[PDB]
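**Student:** Would you mind keeping the following structure in view while I ask a few things?
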There are 4 protein chains.
Amino acid sequence: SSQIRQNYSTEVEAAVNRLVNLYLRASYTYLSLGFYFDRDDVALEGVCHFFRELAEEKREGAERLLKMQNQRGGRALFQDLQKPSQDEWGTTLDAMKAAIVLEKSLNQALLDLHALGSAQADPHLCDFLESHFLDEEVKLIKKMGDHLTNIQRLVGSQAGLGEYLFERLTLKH
Amino acid sequence: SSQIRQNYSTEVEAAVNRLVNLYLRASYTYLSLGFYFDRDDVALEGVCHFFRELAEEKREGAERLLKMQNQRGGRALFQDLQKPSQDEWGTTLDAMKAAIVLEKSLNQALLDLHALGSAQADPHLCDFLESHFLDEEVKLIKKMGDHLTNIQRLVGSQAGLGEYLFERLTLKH
Amino acid sequence: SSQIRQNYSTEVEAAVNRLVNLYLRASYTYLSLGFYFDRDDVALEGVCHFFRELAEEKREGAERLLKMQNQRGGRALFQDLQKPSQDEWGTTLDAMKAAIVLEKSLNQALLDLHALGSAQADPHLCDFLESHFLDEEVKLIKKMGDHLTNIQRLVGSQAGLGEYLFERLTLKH
Amino acid sequence: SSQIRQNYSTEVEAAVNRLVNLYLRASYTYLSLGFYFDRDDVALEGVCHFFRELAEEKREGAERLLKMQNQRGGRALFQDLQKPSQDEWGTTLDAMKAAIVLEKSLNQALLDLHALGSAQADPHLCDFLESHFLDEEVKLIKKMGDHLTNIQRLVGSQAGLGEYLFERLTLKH
Ligand SMILES: [Ru+3]
Ligand SMILES: [Ru+3]
Ligand SMILES: [Ru+3]
Ligand SMILES: [Ru+3]
Ligand SMILES: [Ru+3]
Ligand SMILES: [Ru+3]
Ligand SMILES: [Ru+3]
Ligand SMILES: [Ru+3]
């Protein structure tokens, strides 16, 4: 048992374990999205790389949460990772909408955990979130919003042409 | 009071202060334009950077005018900066039209100040304008004209597609 | 309209727009102060450079606020910038007192916005302020306080001599 | 006789020769000022170097005028250089006042020559003046004005102390 734990409620410990699960699950979802865009009959490499990079970022988020849990003398508990919600992700637009939906749910979970730590007078937790998650998430959501607007602008009359141009001219590949 | 002032009429001094206000006001207008194009629901980074760069150029124009005013033994007097004329700037085309309108008004103010200095036999003023403002403004207006033509060429049938391509392929980002 | 906005109250959005105006207005005030010290009949270059550097810092503060507003899915709204409170700023001492007064008002506005975001459970806002404004402002106010003390120490019997020495030996030029 | 002269009036040619004399005479005056400040019983090296640098600048001004006269197919005619107006130049303040008086007379001569060339429709002359003399002179006069203000600020109660500090802390040496 921990000899270090101090000011670290059971409620926060549990919610941290839940948030780890949410991040690993987001990572899995992004792995599925990335490989869908690598299919021969989809073949949008920039979209593929964007989601693969997100899978790695979400995994790193979970790892940092796990490190913190141990730093505080909490105990990591893992649950099943639920499979992603779809086997096929539709167009780049459907996918980017899905990604924003997912990020908004992770953001609300961060905000909920922050409100918990504030209620429990756990400033270390609040600052950990502030310093490594809250702004990173706002920045990512703004970027997705930006992309979504550009994707939408491009559907207009010839969706295929728009979808190709977005991937070629905005996304990194 | 100044021990240096020589051949520097009260009329030119006042018109210099007015032109400072016009440049600061142009800078403000460009700041608003730039941030409008950074909105998540507009999201045209090259257009954003173009206007932000203009805001900085207009501010530098005002600073040079202020430096000159002091060099001549004139006294800087500042007025309120009126807010920009619009809160939302429409399409890239609407914005570039607005920018050309603004630049033509600044250019006419330079020309009016030049005619004043010529009437007052103030060759230092005339040369200051010639050397740092008149050609810079002609060059900028030609560039905006060029852009406007390309934007217009691209509206044709699918305005969204045109607007994306212009920002991606002409504007710096 | 924004597809990204989350946990971002109308009250904070409006107060952010107000704070942008306050920073731009502080920038303008500093521009006037800087050019007053560049007058031939004032001629204190270190004081000039100190205020000019502040004008740039305040402008950068506003730009960061504007960036954040967009990151959150808020809408930038600009008002008139009121002219600075004085056309002539007196001695270096009068000017530094004026600057501290101005900074204290900006600091109280930051603190008021922080209390709002805390009341609205907006930790991203609170952390943005904490991370880019609150300490920067405390540090600047301490520096102005330090200067003011040294200026005051130097007025004693021969104010002109003191004013020259401060500018030559403390301020950067 | 010249095979190149074109649009170059006898009036401008003569006034150019006069202005050469005025610049050489200013150079001589500055040579006397510089050596006065190198006297063992004056001994203000920064003041000495400031005037010596001005003597060289005024000489270079004359040389450029002479080059131009030949470029235009005019004929250089030299007159006596009148000795400087004083054998002893008083305090740094007296000297800097004298220097500003001299520069204002040279500036008015430039302005008078410019008005002549404008009346004679001689744009090459007007531009030569604009490009190499008018702004250089405005800049120099502003610098002298700045110095004079600082010198004046420092006389106050202990003139010797002020005079030493100005030379040590403003002037280059
Ligand atoms: Ru907190
Ligand atoms: Ru850390
Ligand atoms: Ru002219
Ligand atoms: Ru110049
Ligand atoms: Ru807080
Ligand atoms: Ru940041
Ligand atoms: Ru001319
Ligand atoms: Ru030349």
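Chain identifiers are assigned as A, B, and so on, following the order in which chains appear in the structure tokens; residues are numbered from 1 within each chain, and ligands are numbered from 1 in order of appearance.
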I'm after chain A in the frame of chain D: fit it by least squares over all Cα atoms matched in order, and give me the output as a PDB file with C-alpha atoms, in the first residue's frame.
**Tutor:**
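Produced file result-v3.pdb, reproduced below:
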```pdb
ATOM      1  CA  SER A   1      33.127  73.904 -72.624  1.00  0.00           C
ATOM      2  CA  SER A   2      30.501  71.318 -71.656  1.00  0.00           C
ATOM      3  CA  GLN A   3      28.902  69.029 -74.342  1.00  0.00           C
ATOM      4  CA  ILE A   4      26.459  67.550 -71.781  1.00  0.00           C
ATOM      5  CA  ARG A   5      24.677  70.469 -70.093  1.00  0.00           C
ATOM      6  CA  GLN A   6      20.919  70.198 -70.352  1.00  0.00           C
ATOM      7  CA  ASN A   7      18.150  71.881 -68.348  1.00  0.00           C
ATOM      8  CA  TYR A   8      20.746  73.368 -65.992  1.00  0.00           C
ATOM      9  CA  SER A   9      20.195  77.103 -65.540  1.00  0.00           C
ATOM     10  CA  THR A  10      22.921  79.633 -64.793  1.00  0.00           C
ATOM     11  CA  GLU A  11      20.952  80.584 -61.712  1.00  0.00           C
ATOM     12  CA  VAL A  12      21.085  77.047 -60.236  1.00  0.00           C
ATOM     13  CA  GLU A  13      24.764  76.682 -61.205  1.00  0.00           C
ATOM     14  CA  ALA A  14      25.631  79.844 -59.304  1.00  0.00           C
ATOM     15  CA  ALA A  15      23.481  78.936 -56.275  1.00  0.00           C
ATOM     16  CA  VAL A  16      25.210  75.472 -56.196  1.00  0.00           C
ATOM     17  CA  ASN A  17      28.591  77.195 -56.063  1.00  0.00           C
ATOM     18  CA  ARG A  18      27.270  79.379 -53.195  1.00  0.00           C
ATOM     19  CA  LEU A  19      26.052  76.328 -51.320  1.00  0.00           C
ATOM     20  CA  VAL A  20      29.408  74.655 -51.704  1.00  0.00           C
ATOM     21  CA  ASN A  21      30.945  77.717 -50.046  1.00  0.00           C
ATOM     22  CA  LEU A  22      28.352  77.556 -47.236  1.00  0.00           C
ATOM     23  CA  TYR A  23      29.114  73.869 -46.572  1.00  0.00           C
ATOM     24  CA  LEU A  24      32.891  74.396 -46.629  1.00  0.00           C
ATOM     25  CA  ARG A  25      32.433  77.284 -44.296  1.00  0.00           C
ATOM     26  CA  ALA A  26      30.289  75.107 -41.952  1.00  0.00           C
ATOM     27  CA  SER A  27      33.062  72.482 -42.095  1.00  0.00           C
ATOM     28  CA  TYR A  28      35.625  75.122 -41.031  1.00  0.00           C
ATOM     29  CA  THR A  29      33.412  76.305 -38.223  1.00  0.00           C
ATOM     30  CA  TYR A  30      33.119  72.727 -36.968  1.00  0.00           C
ATOM     31  CA  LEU A  31      36.918  72.245 -37.181  1.00  0.00           C
ATOM     32  CA  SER A  32      37.325  75.322 -34.892  1.00  0.00           C
ATOM     33  CA  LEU A  33      34.624  74.097 -32.512  1.00  0.00           C
ATOM     34  CA  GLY A  34      36.199  70.646 -32.350  1.00  0.00           C
ATOM     35  CA  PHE A  35      39.663  71.920 -31.548  1.00  0.00           C
ATOM     36  CA  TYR A  36      38.351  74.383 -28.929  1.00  0.00           C
ATOM     37  CA  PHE A  37      36.894  71.374 -26.993  1.00  0.00           C
ATOM     38  CA  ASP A  38      40.311  69.620 -27.274  1.00  0.00           C
ATOM     39  CA  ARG A  39      42.020  72.508 -25.382  1.00  0.00           C
ATOM     40  CA  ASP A  40      43.582  71.484 -22.092  1.00  0.00           C
ATOM     41  CA  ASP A  41      41.499  74.051 -20.257  1.00  0.00           C
ATOM     42  CA  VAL A  42      38.203  72.849 -21.872  1.00  0.00           C
ATOM     43  CA  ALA A  43      38.925  69.095 -22.263  1.00  0.00           C
ATOM     44  CA  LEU A  44      35.539  67.624 -23.313  1.00  0.00           C
ATOM     45  CA  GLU A  45      36.523  64.815 -25.679  1.00  0.00           C
ATOM     46  CA  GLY A  46      33.005  63.703 -26.572  1.00  0.00           C
ATOM     47  CA  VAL A  47      32.144  67.291 -27.584  1.00  0.00           C
ATOM     48  CA  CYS A  48      35.417  67.480 -29.572  1.00  0.00           C
ATOM     49  CA  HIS A  49      34.570  64.247 -31.462  1.00  0.00           C
ATOM     50  CA  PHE A  50      31.009  65.347 -32.155  1.00  0.00           C
ATOM     51  CA  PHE A  51      32.189  68.537 -33.843  1.00  0.00           C
ATOM     52  CA  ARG A  52      35.058  66.855 -35.688  1.00  0.00           C
ATOM     53  CA  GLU A  53      32.614  64.312 -37.114  1.00  0.00           C
ATOM     54  CA  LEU A  54      30.388  67.241 -38.213  1.00  0.00           C
ATOM     55  CA  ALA A  55      33.354  68.921 -39.975  1.00  0.00           C
ATOM     56  CA  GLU A  56      33.891  65.778 -42.006  1.00  0.00           C
ATOM     57  CA  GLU A  57      30.138  65.469 -42.847  1.00  0.00           C
ATOM     58  CA  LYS A  58      29.968  69.073 -44.066  1.00  0.00           C
ATOM     59  CA  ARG A  59      33.069  68.600 -46.203  1.00  0.00           C
ATOM     60  CA  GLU A  60      31.468  65.459 -47.747  1.00  0.00           C
ATOM     61  CA  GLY A  61      28.331  67.521 -48.425  1.00  0.00           C
ATOM     62  CA  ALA A  62      30.407  70.040 -50.372  1.00  0.00           C
ATOM     63  CA  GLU A  63      32.177  67.289 -52.321  1.00  0.00           C
ATOM     64  CA  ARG A  64      28.870  65.759 -53.342  1.00  0.00           C
ATOM     65  CA  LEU A  65      27.652  69.188 -54.520  1.00  0.00           C
ATOM     66  CA  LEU A  66      30.829  69.612 -56.527  1.00  0.00           C
ATOM     67  CA  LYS A  67      30.429  66.165 -58.110  1.00  0.00           C
ATOM     68  CA  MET A  68      26.858  67.035 -59.080  1.00  0.00           C
ATOM     69  CA  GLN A  69      27.864  70.401 -60.540  1.00  0.00           C
ATOM     70  CA  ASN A  70      30.264  68.535 -62.868  1.00  0.00           C
ATOM     71  CA  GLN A  71      27.709  65.814 -63.584  1.00  0.00           C
ATOM     72  CA  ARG A  72      25.374  68.551 -64.843  1.00  0.00           C
ATOM     73  CA  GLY A  73      28.027  70.359 -66.894  1.00  0.00           C
ATOM     74  CA  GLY A  74      28.201  73.264 -64.509  1.00  0.00           C
ATOM     75  CA  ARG A  75      31.487  74.933 -63.563  1.00  0.00           C
ATOM     76  CA  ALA A  76      32.774  74.897 -59.970  1.00  0.00           C
ATOM     77  CA  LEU A  77      33.846  78.364 -58.774  1.00  0.00           C
ATOM     78  CA  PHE A  78      35.378  78.776 -55.384  1.00  0.00           C
ATOM     79  CA  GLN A  79      35.407  81.802 -53.105  1.00  0.00           C
ATOM     80  CA  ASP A  80      37.250  82.654 -49.908  1.00  0.00           C
ATOM     81  CA  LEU A  81      36.173  80.792 -46.835  1.00  0.00           C
ATOM     82  CA  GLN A  82      35.429  83.132 -44.182  1.00  0.00           C
ATOM     83  CA  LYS A  83      36.830  82.356 -40.823  1.00  0.00           C
ATOM     84  CA  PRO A  84      34.451  81.093 -38.166  1.00  0.00           C
ATOM     85  CA  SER A  85      32.471  83.677 -36.239  1.00  0.00           C
ATOM     86  CA  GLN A  86      34.156  83.060 -32.857  1.00  0.00           C
ATOM     87  CA  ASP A  87      37.682  82.135 -31.694  1.00  0.00           C
ATOM     88  CA  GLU A  88      36.297  80.712 -28.359  1.00  0.00           C
ATOM     89  CA  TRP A  89      32.939  78.912 -28.222  1.00  0.00           C
ATOM     90  CA  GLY A  90      31.955  79.128 -24.529  1.00  0.00           C
ATOM     91  CA  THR A  91      30.137  76.255 -22.866  1.00  0.00           C
ATOM     92  CA  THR A  92      28.852  73.066 -24.485  1.00  0.00           C
ATOM     93  CA  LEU A  93      25.425  74.778 -24.431  1.00  0.00           C
ATOM     94  CA  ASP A  94      26.727  77.896 -26.248  1.00  0.00           C
ATOM     95  CA  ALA A  95      28.390  75.673 -28.798  1.00  0.00           C
ATOM     96  CA  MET A  96      25.338  73.459 -29.444  1.00  0.00           C
ATOM     97  CA  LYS A  97      23.148  76.614 -29.806  1.00  0.00           C
ATOM     98  CA  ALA A  98      25.700  77.977 -32.311  1.00  0.00           C
ATOM     99  CA  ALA A  99      25.632  74.641 -34.190  1.00  0.00           C
ATOM    100  CA  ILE A 100      21.831  74.670 -34.439  1.00  0.00           C
ATOM    101  CA  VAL A 101      21.903  78.261 -35.692  1.00  0.00           C
ATOM    102  CA  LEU A 102      24.406  77.215 -38.357  1.00  0.00           C
ATOM    103  CA  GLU A 103      22.421  74.161 -39.373  1.00  0.00           C
ATOM    104  CA  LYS A 104      19.213  76.179 -39.667  1.00  0.00           C
ATOM    105  CA  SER A 105      21.026  78.572 -42.046  1.00  0.00           C
ATOM    106  CA  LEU A 106      22.287  75.664 -44.180  1.00  0.00           C
ATOM    107  CA  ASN A 107      18.794  74.149 -44.167  1.00  0.00           C
ATOM    108  CA  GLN A 108      17.236  77.394 -45.314  1.00  0.00           C
ATOM    109  CA  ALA A 109      19.851  77.574 -48.108  1.00  0.00           C
ATOM    110  CA  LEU A 110      18.864  74.037 -49.195  1.00  0.00           C
ATOM    111  CA  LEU A 111      15.233  74.976 -49.125  1.00  0.00           C
ATOM    112  CA  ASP A 112      15.927  78.155 -51.116  1.00  0.00           C
ATOM    113  CA  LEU A 113      17.887  76.154 -53.738  1.00  0.00           C
ATOM    114  CA  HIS A 114      15.120  73.594 -53.900  1.00  0.00           C
ATOM    115  CA  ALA A 115      12.490  76.370 -54.524  1.00  0.00           C
ATOM    116  CA  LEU A 116      14.785  77.738 -57.311  1.00  0.00           C
ATOM    117  CA  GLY A 117      15.088  74.364 -58.978  1.00  0.00           C
ATOM    118  CA  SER A 118      11.333  73.879 -58.702  1.00  0.00           C
ATOM    119  CA  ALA A 119      10.749  77.319 -60.295  1.00  0.00           C
ATOM    120  CA  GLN A 120      13.269  76.453 -63.075  1.00  0.00           C
ATOM    121  CA  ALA A 121      11.612  72.985 -63.662  1.00  0.00           C
ATOM    122  CA  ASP A 122      14.928  71.205 -62.723  1.00  0.00           C
ATOM    123  CA  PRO A 123      13.695  67.910 -61.180  1.00  0.00           C
ATOM    124  CA  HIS A 124      17.147  66.387 -61.141  1.00  0.00           C
ATOM    125  CA  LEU A 125      18.330  69.148 -58.832  1.00  0.00           C
ATOM    126  CA  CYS A 126      15.262  68.873 -56.634  1.00  0.00           C
ATOM    127  CA  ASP A 127      15.690  65.156 -56.275  1.00  0.00           C
ATOM    128  CA  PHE A 128      19.450  65.357 -55.596  1.00  0.00           C
ATOM    129  CA  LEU A 129      18.654  67.683 -52.645  1.00  0.00           C
ATOM    130  CA  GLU A 130      15.799  65.563 -51.446  1.00  0.00           C
ATOM    131  CA  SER A 131      17.735  62.386 -51.681  1.00  0.00           C
ATOM    132  CA  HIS A 132      21.117  63.455 -50.070  1.00  0.00           C
ATOM    133  CA  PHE A 133      20.588  66.698 -48.090  1.00  0.00           C
ATOM    134  CA  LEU A 134      17.048  67.491 -46.895  1.00  0.00           C
ATOM    135  CA  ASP A 135      16.425  64.468 -44.674  1.00  0.00           C
ATOM    136  CA  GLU A 136      20.032  64.309 -43.495  1.00  0.00           C
ATOM    137  CA  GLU A 137      19.710  67.877 -42.360  1.00  0.00           C
ATOM    138  CA  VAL A 138      16.330  67.318 -40.646  1.00  0.00           C
ATOM    139  CA  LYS A 139      17.789  64.285 -38.815  1.00  0.00           C
ATOM    140  CA  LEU A 140      20.886  66.216 -37.701  1.00  0.00           C
ATOM    141  CA  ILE A 141      18.823  69.147 -36.454  1.00  0.00           C
ATOM    142  CA  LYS A 142      16.572  66.826 -34.429  1.00  0.00           C
ATOM    143  CA  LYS A 143      19.673  65.241 -32.842  1.00  0.00           C
ATOM    144  CA  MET A 144      21.031  68.713 -31.938  1.00  0.00           C
ATOM    145  CA  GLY A 145      17.702  69.737 -30.556  1.00  0.00           C
ATOM    146  CA  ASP A 146      17.673  66.534 -28.424  1.00  0.00           C
ATOM    147  CA  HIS A 147      21.160  67.331 -27.151  1.00  0.00           C
ATOM    148  CA  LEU A 148      20.373  70.872 -26.442  1.00  0.00           C
ATOM    149  CA  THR A 149      17.386  69.804 -24.289  1.00  0.00           C
ATOM    150  CA  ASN A 150      19.500  67.411 -22.319  1.00  0.00           C
ATOM    151  CA  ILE A 151      22.277  69.959 -21.862  1.00  0.00           C
ATOM    152  CA  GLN A 152      19.673  72.509 -20.634  1.00  0.00           C
ATOM    153  CA  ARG A 153      18.088  70.032 -18.253  1.00  0.00           C
ATOM    154  CA  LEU A 154      21.527  69.491 -16.715  1.00  0.00           C
ATOM    155  CA  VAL A 155      22.563  73.150 -16.101  1.00  0.00           C
ATOM    156  CA  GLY A 156      20.128  73.702 -13.238  1.00  0.00           C
ATOM    157  CA  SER A 157      22.252  74.147 -10.084  1.00  0.00           C
ATOM    158  CA  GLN A 158      25.735  72.806 -10.892  1.00  0.00           C
ATOM    159  CA  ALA A 159      26.702  73.585 -14.399  1.00  0.00           C
ATOM    160  CA  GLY A 160      30.173  71.935 -14.303  1.00  0.00           C
ATOM    161  CA  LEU A 161      28.771  68.635 -13.106  1.00  0.00           C
ATOM    162  CA  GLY A 162      26.067  68.731 -15.786  1.00  0.00           C
ATOM    163  CA  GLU A 163      28.558  69.542 -18.529  1.00  0.00           C
ATOM    164  CA  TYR A 164      30.836  66.630 -17.527  1.00  0.00           C
ATOM    165  CA  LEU A 165      27.952  64.169 -17.274  1.00  0.00           C
ATOM    166  CA  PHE A 166      26.536  65.083 -20.683  1.00  0.00           C
ATOM    167  CA  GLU A 167      29.865  64.591 -22.371  1.00  0.00           C
ATOM    168  CA  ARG A 168      30.505  61.295 -20.528  1.00  0.00           C
ATOM    169  CA  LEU A 169      27.026  59.761 -20.826  1.00  0.00           C
ATOM    170  CA  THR A 170      25.530  61.056 -24.100  1.00  0.00           C
ATOM    171  CA  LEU A 171      28.443  61.907 -26.356  1.00  0.00           C
ATOM    172  CA  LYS A 172      30.393  59.067 -28.002  1.00  0.00           C
ATOM    173  CA  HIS A 173      34.223  59.615 -27.186  1.00  0.00           C
TER     174      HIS A 173
END
```
**Student:** Just list the residues in segment 38-169 of chain A DSSP gives helix (DSSP H, G or I) on the backbone, as a PyMOL selection string.
**Tutor:** chain A and resi 45-72+92-119+123-155+159-169
